[PDB]
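Asks: Just so it is clear, I am handing over upload_37.cif, which has mmCIF, N, CA and C atoms.
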```cif
data_upload
#
loop_
_atom_site.label_atom_id
_atom_site.label_comp_id
_atom_site.auth_asym_id
_atom_site.auth_seq_id
_atom_site.Cartn_x
_atom_site.Cartn_y
_atom_site.Cartn_z
N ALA A 1 0.84 -1.22 0.00
CA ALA A 1 0.00 0.00 0.00
C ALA A 1 0.87 1.27 0.00
N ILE A 2 1.64 1.49 -1.08
CA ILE A 2 2.45 2.70 -1.31
C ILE A 2 1.97 3.41 -2.57
N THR A 3 1.96 4.74 -2.55
CA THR A 3 1.64 5.61 -3.69
C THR A 3 2.53 6.86 -3.69
N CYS A 4 2.65 7.51 -4.84
CA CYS A 4 3.39 8.75 -5.02
C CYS A 4 2.78 9.63 -6.12
N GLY A 5 3.02 10.95 -6.03
CA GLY A 5 2.68 11.92 -7.08
C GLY A 5 3.86 12.25 -8.01
N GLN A 6 5.03 11.63 -7.79
CA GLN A 6 6.24 11.89 -8.59
C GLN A 6 5.99 11.66 -10.08
N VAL A 7 5.25 10.60 -10.41
CA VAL A 7 4.96 10.23 -11.79
C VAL A 7 4.24 11.35 -12.55
N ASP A 8 3.11 11.84 -12.03
CA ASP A 8 2.38 12.92 -12.69
C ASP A 8 3.16 14.23 -12.67
N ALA A 9 3.95 14.52 -11.63
CA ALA A 9 4.85 15.67 -11.59
C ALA A 9 6.00 15.58 -12.61
N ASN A 10 6.52 14.37 -12.87
CA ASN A 10 7.56 14.10 -13.86
C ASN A 10 7.06 14.43 -15.28
N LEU A 11 5.87 13.93 -15.63
CA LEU A 11 5.28 14.12 -16.96
C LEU A 11 4.42 15.40 -17.08
N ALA A 12 4.08 16.09 -15.99
CA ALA A 12 3.27 17.33 -15.93
C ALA A 12 3.66 18.41 -16.97
N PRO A 13 4.91 18.92 -17.00
CA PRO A 13 5.31 19.94 -17.98
C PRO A 13 5.35 19.41 -19.42
N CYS A 14 5.21 18.09 -19.59
CA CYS A 14 5.30 17.36 -20.85
C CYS A 14 3.98 16.65 -21.23
N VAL A 15 2.86 16.84 -20.51
CA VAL A 15 1.55 16.21 -20.78
C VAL A 15 1.14 16.36 -22.25
N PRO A 16 1.05 17.59 -22.81
CA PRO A 16 0.62 17.76 -24.19
C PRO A 16 1.65 17.20 -25.19
N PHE A 17 2.94 17.31 -24.89
CA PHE A 17 4.03 16.78 -25.71
C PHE A 17 3.95 15.24 -25.82
N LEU A 18 3.88 14.54 -24.69
CA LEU A 18 3.86 13.07 -24.57
C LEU A 18 2.62 12.42 -25.22
N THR A 19 1.45 13.05 -25.12
CA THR A 19 0.20 12.54 -25.73
C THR A 19 0.08 12.85 -27.23
N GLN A 20 0.75 13.91 -27.72
CA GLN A 20 0.93 14.14 -29.16
C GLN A 20 1.81 13.05 -29.80
N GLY A 21 1.69 12.89 -31.13
CA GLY A 21 2.45 11.89 -31.89
C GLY A 21 3.95 12.24 -32.03
N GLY A 22 4.74 11.28 -32.54
CA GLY A 22 6.20 11.39 -32.66
C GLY A 22 6.95 10.84 -31.44
N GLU A 23 8.20 11.25 -31.26
CA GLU A 23 9.09 10.85 -30.15
C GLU A 23 9.48 12.07 -29.29
N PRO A 24 8.57 12.57 -28.43
CA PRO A 24 8.81 13.70 -27.54
C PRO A 24 9.81 13.33 -26.43
N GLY A 25 10.96 14.02 -26.39
CA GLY A 25 12.00 13.81 -25.38
C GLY A 25 13.07 14.91 -25.36
N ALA A 26 13.45 15.44 -26.53
CA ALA A 26 14.40 16.55 -26.67
C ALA A 26 13.93 17.86 -26.00
N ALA A 27 12.61 18.13 -26.03
CA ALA A 27 11.98 19.26 -25.35
C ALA A 27 11.99 19.07 -23.81
N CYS A 28 11.28 18.04 -23.32
CA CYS A 28 11.36 17.55 -21.94
C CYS A 28 10.98 16.06 -21.86
N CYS A 29 11.40 15.39 -20.78
CA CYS A 29 11.10 13.98 -20.51
C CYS A 29 11.10 13.70 -19.00
N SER A 30 10.28 12.73 -18.56
CA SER A 30 10.10 12.34 -17.15
C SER A 30 11.40 12.00 -16.42
N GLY A 31 12.37 11.39 -17.12
CA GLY A 31 13.67 10.99 -16.57
C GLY A 31 14.51 12.15 -16.02
N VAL A 32 14.37 13.35 -16.59
CA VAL A 32 15.02 14.59 -16.11
C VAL A 32 14.55 14.94 -14.69
N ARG A 33 13.26 14.76 -14.41
CA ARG A 33 12.63 15.03 -13.11
C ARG A 33 12.93 13.94 -12.08
N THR A 34 12.98 12.67 -12.51
CA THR A 34 13.46 11.53 -11.70
C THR A 34 14.92 11.70 -11.24
N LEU A 35 15.76 12.40 -12.01
CA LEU A 35 17.16 12.70 -11.66
C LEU A 35 17.27 13.45 -10.31
N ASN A 36 16.35 14.39 -10.04
CA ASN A 36 16.19 15.05 -8.74
C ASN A 36 15.54 14.12 -7.70
N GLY A 37 14.37 13.55 -8.02
CA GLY A 37 13.54 12.76 -7.09
C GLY A 37 13.95 11.29 -6.98
N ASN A 38 15.15 11.01 -6.46
CA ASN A 38 15.68 9.65 -6.27
C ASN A 38 15.06 8.92 -5.05
N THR A 39 15.12 7.58 -5.04
CA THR A 39 14.52 6.70 -4.02
C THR A 39 15.36 6.63 -2.72
N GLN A 40 14.73 6.30 -1.58
CA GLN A 40 15.38 6.15 -0.27
C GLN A 40 15.85 4.71 0.03
N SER A 41 14.94 3.74 0.01
CA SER A 41 15.18 2.34 0.43
C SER A 41 14.83 1.33 -0.68
N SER A 42 15.25 0.07 -0.54
CA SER A 42 14.98 -1.00 -1.51
C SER A 42 13.48 -1.29 -1.68
N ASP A 43 12.73 -1.42 -0.58
CA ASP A 43 11.27 -1.60 -0.61
C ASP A 43 10.51 -0.37 -1.13
N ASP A 44 11.05 0.84 -0.96
CA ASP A 44 10.46 2.07 -1.51
C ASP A 44 10.48 2.08 -3.05
N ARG A 45 11.39 1.34 -3.70
CA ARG A 45 11.42 1.16 -5.16
C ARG A 45 10.15 0.50 -5.71
N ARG A 46 9.38 -0.21 -4.87
CA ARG A 46 8.04 -0.75 -5.20
C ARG A 46 7.00 0.36 -5.47
N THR A 47 7.25 1.59 -5.02
CA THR A 47 6.44 2.77 -5.40
C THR A 47 6.40 2.97 -6.91
N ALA A 48 7.48 2.65 -7.61
CA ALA A 48 7.60 2.83 -9.05
C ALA A 48 6.48 2.15 -9.84
N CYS A 49 6.17 0.88 -9.55
CA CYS A 49 5.04 0.20 -10.19
C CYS A 49 3.69 0.81 -9.78
N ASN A 50 3.53 1.16 -8.50
CA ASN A 50 2.34 1.84 -7.98
C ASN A 50 2.14 3.27 -8.53
N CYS A 51 3.15 3.86 -9.18
CA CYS A 51 3.12 5.20 -9.76
C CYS A 51 3.09 5.16 -11.30
N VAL A 52 3.90 4.34 -11.97
CA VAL A 52 3.86 4.20 -13.44
C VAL A 52 2.47 3.81 -13.97
N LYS A 53 1.70 3.02 -13.20
CA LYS A 53 0.29 2.70 -13.49
C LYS A 53 -0.69 3.86 -13.25
N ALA A 54 -0.36 4.82 -12.38
CA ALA A 54 -1.18 6.01 -12.15
C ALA A 54 -1.27 6.88 -13.42
N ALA A 55 -0.14 7.10 -14.11
CA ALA A 55 -0.08 7.86 -15.37
C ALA A 55 -1.02 7.32 -16.47
N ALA A 56 -1.33 6.02 -16.47
CA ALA A 56 -2.28 5.42 -17.40
C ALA A 56 -3.72 5.99 -17.28
N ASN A 57 -4.06 6.70 -16.20
CA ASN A 57 -5.33 7.44 -16.11
C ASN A 57 -5.41 8.61 -17.12
N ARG A 58 -4.29 9.28 -17.39
CA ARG A 58 -4.16 10.34 -18.40
C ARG A 58 -3.93 9.80 -19.82
N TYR A 59 -3.51 8.53 -19.95
CA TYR A 59 -3.18 7.84 -21.20
C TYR A 59 -4.05 6.58 -21.38
N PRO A 60 -5.36 6.74 -21.67
CA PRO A 60 -6.29 5.63 -21.92
C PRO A 60 -6.02 4.94 -23.27
N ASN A 61 -6.89 4.00 -23.65
CA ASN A 61 -6.79 3.21 -24.88
C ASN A 61 -7.01 4.05 -26.16
N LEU A 62 -7.36 5.33 -26.01
CA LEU A 62 -7.50 6.32 -27.08
C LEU A 62 -6.19 6.49 -27.87
N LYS A 63 -5.05 6.39 -27.17
CA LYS A 63 -3.70 6.71 -27.66
C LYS A 63 -2.75 5.52 -27.52
N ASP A 64 -3.19 4.34 -27.97
CA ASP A 64 -2.42 3.09 -27.95
C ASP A 64 -1.00 3.22 -28.54
N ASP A 65 -0.81 4.03 -29.59
CA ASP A 65 0.51 4.35 -30.15
C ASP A 65 1.43 5.05 -29.14
N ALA A 66 0.97 6.16 -28.54
CA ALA A 66 1.71 6.86 -27.50
C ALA A 66 1.91 6.00 -26.24
N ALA A 67 0.92 5.19 -25.86
CA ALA A 67 0.95 4.32 -24.68
C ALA A 67 1.93 3.14 -24.80
N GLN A 68 2.08 2.54 -25.99
CA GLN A 68 3.10 1.52 -26.27
C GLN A 68 4.51 2.10 -26.16
N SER A 69 4.77 3.23 -26.83
CA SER A 69 6.08 3.89 -26.85
C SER A 69 6.34 4.80 -25.64
N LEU A 70 5.38 5.03 -24.74
CA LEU A 70 5.48 5.86 -23.52
C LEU A 70 6.70 5.48 -22.66
N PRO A 71 6.81 4.23 -22.15
CA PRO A 71 7.96 3.80 -21.36
C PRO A 71 9.27 3.69 -22.17
N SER A 72 9.18 3.57 -23.51
CA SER A 72 10.35 3.57 -24.41
C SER A 72 11.09 4.91 -24.40
N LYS A 73 10.35 6.03 -24.29
CA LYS A 73 10.89 7.40 -24.14
C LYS A 73 11.05 7.83 -22.68
N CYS A 74 9.97 7.81 -21.89
CA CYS A 74 9.85 8.47 -20.58
C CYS A 74 9.00 7.64 -19.59
N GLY A 75 9.64 7.00 -18.61
CA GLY A 75 9.01 6.13 -17.60
C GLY A 75 9.41 6.45 -16.15
N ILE A 76 9.12 5.53 -15.23
CA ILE A 76 9.51 5.56 -13.80
C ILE A 76 10.60 4.50 -13.54
N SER A 77 11.61 4.82 -12.72
CA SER A 77 12.71 3.92 -12.35
C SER A 77 12.29 2.81 -11.38
N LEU A 78 11.64 1.76 -11.89
CA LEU A 78 11.30 0.55 -11.13
C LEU A 78 12.48 -0.41 -10.90
N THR A 79 12.39 -1.19 -9.82
CA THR A 79 13.36 -2.24 -9.44
C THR A 79 12.62 -3.43 -8.81
N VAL A 80 12.24 -4.40 -9.64
CA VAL A 80 11.56 -5.65 -9.26
C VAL A 80 12.13 -6.84 -10.06
N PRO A 81 12.07 -8.08 -9.54
CA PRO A 81 12.52 -9.26 -10.29
C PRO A 81 11.58 -9.58 -11.46
N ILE A 82 12.12 -10.22 -12.51
CA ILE A 82 11.34 -10.72 -13.65
C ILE A 82 10.58 -12.00 -13.24
N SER A 83 9.28 -12.05 -13.57
CA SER A 83 8.39 -13.20 -13.35
C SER A 83 7.41 -13.35 -14.52
N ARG A 84 6.76 -14.52 -14.63
CA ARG A 84 5.72 -14.81 -15.64
C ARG A 84 4.57 -13.80 -15.60
N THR A 85 3.90 -13.74 -14.45
CA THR A 85 2.70 -12.94 -14.20
C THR A 85 2.82 -12.27 -12.83
N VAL A 86 2.86 -10.93 -12.85
CA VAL A 86 2.99 -10.05 -11.68
C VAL A 86 1.75 -9.17 -11.50
N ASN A 87 1.24 -9.12 -10.27
CA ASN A 87 0.05 -8.35 -9.87
C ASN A 87 0.48 -7.03 -9.21
N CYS A 88 0.22 -5.90 -9.87
CA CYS A 88 0.59 -4.55 -9.42
C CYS A 88 -0.64 -3.62 -9.35
N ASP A 89 -0.63 -2.70 -8.37
CA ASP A 89 -1.75 -1.82 -7.97
C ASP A 89 -3.01 -2.57 -7.48
N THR A 90 -2.89 -3.87 -7.18
CA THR A 90 -3.97 -4.71 -6.65
C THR A 90 -4.22 -4.48 -5.15
N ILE A 91 -5.49 -4.56 -4.74
CA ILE A 91 -5.98 -4.37 -3.37
C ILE A 91 -7.08 -5.42 -3.09
N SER A 92 -6.97 -6.13 -1.97
CA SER A 92 -7.92 -7.16 -1.49
C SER A 92 -9.08 -6.60 -0.64
#
```
Mind converting the file's structure to structure tokens?

Replies:
Amino acid sequence: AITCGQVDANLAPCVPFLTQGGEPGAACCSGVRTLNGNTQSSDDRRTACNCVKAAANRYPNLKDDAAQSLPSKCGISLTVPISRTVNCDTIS
């Protein structure tokens, strides 16, 4: 049960750029803002999955092209092991 506003603050100055077509990054990108907002602890890195999924509220299925290439240009610095099927942002 961890959440953050870093994700929307990272992409905030770039919202119209990122949702428009092409490869927006030379103007601004989320990784520039993550350079300032670094993580504290190993378990706090789990915030990254709980935050990268929050940005999908601004990027619905309307923009599948931008949404596929979104993490290819500008994402959140996650640190989790590789598995077959992983459950993220889930609540019981």

Asks: Specify as a ChimeraX atom specification each residue included when the PyMOL selection byres (((chain A and resi 45-54 and name CA) around 9) and name CA) is applied to this file.

Replies: /A:1-8,39-44,55-58,71,75-80,88-89

Asks: Taking (3.1, 11.2, -31.2) in the file's own coordinates, collect the residues within 10 Å, counting only C-alpha atoms, and hand them back as a VMD selection string.

Replies: chain A and resid 16 to 24 63 65 to 67 69 to 70

Asks: What does the distance between atom C of residue A:61 and atom CA of residue A:30 come to in Å, to one decimal place?

Replies: 21.0 Å

Asks: Taking only N, CA and C atoms into account, which of A:73, A:90, A:60, A:14 comes nearest residue A:27?

Replies: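 Nearest to residue A:27: A:14.
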
Asks: Expressed in Å to a single decimal, how great is the separation between atom C of residue A:37 and atom N of residue A:81?

Replies: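 For atom C of residue A:37 relative to atom N of residue A:81, the distance reads 19.6 Å.
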
Asks: So how far away is atom N of residue A:31 from atom CA of residue A:11, in Å?

Replies: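 About the pair atom CA of residue A:11 and atom N of residue A:31: they are 7.6 Å apart.
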
Asks: Taking every listed atom of stretch 71-87 of chain A and adding 3 Å to each side, what centre and edge lengths in Å (one decimal) does the axis-aligned box have, as AutoDock Vina command-line options?

Replies:
```
--center_x 6.7 --center_y -3.2 --center_z -16.6 --size_x 19.3 --size_y 29.3 --size_z 21.6
```

Asks: To test your reading of the structure, identify every residue in chain A that backbone DSSP assigns to alpha helix (DSSP H), and report it as an MDAnalysis selection string.

Replies: chainID A and resid 6:11 15:19 30:34 47:52 64:73
